[PDB]
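As a starting point, one isolated chain is supplied in C-alpha cells, in the form solved without S-adenosylmethionine (SAM).
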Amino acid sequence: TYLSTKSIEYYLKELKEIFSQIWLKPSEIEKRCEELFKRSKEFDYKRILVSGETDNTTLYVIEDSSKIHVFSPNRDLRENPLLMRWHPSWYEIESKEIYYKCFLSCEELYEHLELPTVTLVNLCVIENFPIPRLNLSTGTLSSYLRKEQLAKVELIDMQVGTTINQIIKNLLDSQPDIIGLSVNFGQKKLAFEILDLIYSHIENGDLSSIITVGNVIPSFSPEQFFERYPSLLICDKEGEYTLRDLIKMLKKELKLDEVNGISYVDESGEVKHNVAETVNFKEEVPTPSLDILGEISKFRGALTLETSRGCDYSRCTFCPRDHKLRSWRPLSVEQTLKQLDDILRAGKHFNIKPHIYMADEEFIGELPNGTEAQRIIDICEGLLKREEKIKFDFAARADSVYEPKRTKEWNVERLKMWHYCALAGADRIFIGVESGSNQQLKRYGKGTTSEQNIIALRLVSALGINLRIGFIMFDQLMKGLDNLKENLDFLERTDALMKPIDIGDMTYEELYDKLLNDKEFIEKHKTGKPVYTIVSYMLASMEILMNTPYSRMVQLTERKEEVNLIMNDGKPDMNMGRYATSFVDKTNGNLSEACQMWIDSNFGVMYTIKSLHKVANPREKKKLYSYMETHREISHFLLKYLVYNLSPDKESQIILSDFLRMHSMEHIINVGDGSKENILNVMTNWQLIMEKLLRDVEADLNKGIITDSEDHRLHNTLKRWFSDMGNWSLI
C-alpha cells in the first residue's frame, strides 16, 4: 500500500511550511510534524525523527523498521548525508530529484536513525559594549551536526540566564552521550564549577557522558584542566570535526587517538595531542542554530554572524594563539547572504530590529588576485537589494582601509569597498589602531604607522561610519617617555575625524586624493574633535595573556636583562590566563599605576553619571553627556600634564596653557622626578580640575537641572568624592 501523489505533495507542502519557522527547536518541529500526520490520519507510525536544518530539514516517519518514510521538501533526497552513509547508491541511476521516498525492509537504515545525543553548553555572557549582542557562534557546531544529520543536539546557552542548577538538571534529564562546554573569555572559573558538578554526578552514577571543553581564547594550558579532570577531552574552538569523530567513536568507527583536534591523557598518564584537520567552513558549516531566540524573545540588540573563520595572528602580538595555524576561510557571497537572511528573518519574527554583528576575527581578509574587496562589495550589493535596510557592525585593521605599500589603485578600490559597506548599513565599526607610536606599533605587531592610522580614520569617518578605536597607552616593554609623547600627539590630532561627506558628485579617486593631499578639503570637512574622543577605554595598560608573542618577548627581556617582570613566580590568573607583569621602566610603571588609581578615584561618580544618562530625558541626557565628555578630556590631559612634569617641552607647555586657560585654571611638586611620591603630587594637583567639573555637577544637581536616583546615588558619590580628594590611600 503506497501513498498517493496527492498525499505526498500535500505532506511536502505542509512540512515546507513547518520547516520555514527556523526559530523552532527540534522538539517543537517534531510536535508540529506529529500533529500534521495525526490530523490527517492515513497510516499508523511508531516513531518520528527530524534532522537537517533550514534548507535541508528532513522528516523520517517510521511506520516500522521495515517501512520508513522520508520527506525532504527543501532538498533532493539524493544529497541526504544520512542515507549516503547508510547506502550511498540507494537511488541507483535515478536522474530526477527525489523529495519523498519510502524505504521497504531496510533494517540497517532503522539503526542509522538512532542518532546519538549531544548537549552543547555555551558559557557566554551578553556583551553590552557598545551595544548588546547575542552570540550565535556555538549554534554553528549544532547546525553542522544537524545538517550532517549526525546527532540530536540540545543547546544550553547561559546568555538567557540559565543557572548552574538548571544546567545540571537539564543534563541529568536528557542523559546525553556527549557534553560540549564552550568556554568564552573569563568563564574558566565558571567552567570549573560546572565541570565539578558534572563529574560528581558521573562518579555518583547519575550520568555517563563524554565531556569536551573548548576555549574560545587559547589563554590557557591543557594541564590546568587535566590536573583536575584527568579524563576530560580538550578540543579546539572549531569543534565540528571533533564532535563528528567522537560520534564516530561512539559508533565504534574510530579510536580515541584518531579523534580530530582533541588533547587528552592516555592510559600512561602522558598528555596526547591529536592532529587537528582544518574545518572546511565555507562548504560544511551552515546558518547557526537559532534555538536561542525563543529562549530570549525580548532581546533588543545585535545578532552575531561569522562570515569567515581564521585571521592573521602575526598582526597582533597580544592576541593569544594556538601552535596550529588557522587559515582564513570565508563563506561564499551567496552563502553569506543566505545565512544573513536566515538570521534577519528569524529576528523579525521576535521583533528584533535588523542589526547584525559580524563576529569575524578577520572580516575583510585577503583572497587571490585581491578579490576580497569584491566579495565584500558583492555582499553589500546583496544587502542593498533587500526591502528592509539593516545595520551591521564589524571590526577591521587600519591597513584594511589604507596601506601605502599597496598601489594607489588598490587603495581606491578599498575606499569603494568601504563606501558600499556604508551604503549597506555599516554602523559601529572598530578599528584596531592600538597605538600612535611607530615603535609601540611594532611591539604590538600591527605592521602600521602612526600617519597611516590617521588616514585610515579619515577615510572611514568621511563615509559616515560611527567609529571607535582600541588604544593601549602603556605597555610593559616601553623604555622612556618618547612613545607616550607620540601617542598624546596622535590622540590630540583634529585632522582625522571627518564629517559625513556628500560624495555624490565625485569619483572614488577624487575623494581619495582630496582626503590624503588637499589640506583645504580636510579642514572644510573635519569635525574638529581630537582622536581620543573615539577611544574605547582611556589610559589603558597592556594586559599580557598566555601564549602571546608579547609574553615571549617579555620572557626574553627577563633573560637578556636579568630582571624579574612576570610576578607570582610565573603563575598567571587561573580564570583569565593573564600574567602579573611589572614594567621594565620604573617610571612608566608608576605612570600606568597612577592612571589606574585615577580611574578608580573617579569610578563612583562617573559610573553614576553614565547610569543616570541611560535613563534621563533628552535635556538632562545632553547635560550628563557633557559631563562625560569633559571627564574624558580631563583624563587625557592628565597624562600629558604628568609627562610634562617629567619631561617638559615647548609645545606641551603651550597646549597645557591653552587647556588651563579654557577652564579658568591657569595656576597649577618636583620636576623630572618620576617617583611614586612626586607623580601622586602632580596628580593630586591635576585632580583640582576634576573638582571644578564635579562642582558644576553638584551645582546642577542642587539647582534641579539634573535628577538623582531614588537612593541619591549621585549625591552620595559626589559627597564621598569631595571628601576623598587627595587621600590616595585606596589602591
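Each residue number is its position in the shown sequence, starting from 1. Only the largest set of C-alpha atoms that superpose within 1.5 Å between the two forms is called the rigid core.
One more form of this protein, deposited with S-adenosylmethionine (SAM) bound, exists but is not displayed; see below.
Taking the pose of S-adenosylmethionine (SAM) in the bound PDB entry and superimposing the site C-alphas, would you call this form open or blocked (blocked if 3 or more ligand atoms are within 2.4 Å of a backbone or C-beta atom)?
Placed partner leaves the pocket open.
Can any non-hydrogen atom of residue 455 be found within 4.5 angstroms of S-adenosylmethionine (SAM) in the bound PDB entry?
Flag for residue 455 set to no.
Although the partner isn't part of this model, could you tell me whether residue 397 comes within 4.5 Å of S-adenosylmethionine (SAM) in the bound PDB entry, counting any heavy atom of the residue?
Heavy-atom contact with S-adenosylmethionine (SAM) at 4.5 Å: present for residue 397.
In the bound PDB entry, does residue 472 come within 4.5 Å of S-adenosylmethionine (SAM), counting heavy atoms only?
Yes, residue 472 sits close enough to S-adenosylmethionine (SAM) in the bound PDB entry that at least one of its heavy atoms falls within 4.5 Å.
Can you check whether residue 593 is within 4.5 Å of S-adenosylmethionine (SAM) in the bound PDB entry, heavy atom basis?
Close contact is absent here: in the bound PDB entry, residue 593 is far from S-adenosylmethionine (SAM), nothing within 4.5 Å, heavy atoms only.
What is the one choice in 199, 90, 328, 318 with a heavy atom within 4.5 Å of S-adenosylmethionine (SAM) in the bound PDB entry?
Selected residue: 318.
Which of 541, 588, 450, 339 has a heavy atom within 4.5 Å of S-adenosylmethionine (SAM) in the bound PDB entry?
By the 4.5 Å heavy-atom cutoff, the listed residue in contact is 541.
Choose from 614 to 622, 637 to 645, 481 to 489, 426 to 434 the stretch whose residues reach within 4.5 Å of S-adenosylmethionine (SAM) in the bound PDB entry, heavy atoms counted.
That would be 426 to 434.
Which residues within 343 to 376 place at least one heavy atom within 4.5 Å of S-adenosylmethionine (SAM) in the bound PDB entry?
Residue within 4.5 Å: 361, and no other.
Go through 155, 124, 426, 481 and flag the only one whose CA is off by 2 Å or more between the shown form and the other one, rigid core held fixed.
The answer here is 124.
When the two forms are laid on each other by their rigid core, does residue 9 show a Cα shift of 2 Å or more between the shown form and the other one?
After core superposition, the C-alpha of residue 9 moves less than 2 Å between the shown form and the other one.
Core-aligned, is the CA shift for residue 271 between the shown form and the other one 2 angstroms or more?
The answer is no, as the C-alpha of residue 271 shifts between the shown form and the other one by less than 2 Å after core alignment.
2 Å or more on the CA of residue 18 between the shown form and the other one, with the rigid core superposed, yes or no?
It does not, since the residue 18 C-alpha is displaced less than 2 Å between the shown form and the other one after the core fit.
Knowing the shift is 3 Å or more, I'd like to know if the C-alpha atoms of residue 211 and residue 218 are closer or farther apart in the bound PDB entry than in the shown chain.
Relative to the displayed form, residue 211 and residue 218 draw closer in the bound PDB entry - a change of at least 3 Å between their C-alphas.
How does the CA gap of residue 326 and residue 232 change in the bound PDB entry versus this form, closer or farther, if it moves 3 angstroms or more?
Residue 326 and residue 232 sit farther apart in the bound PDB entry.
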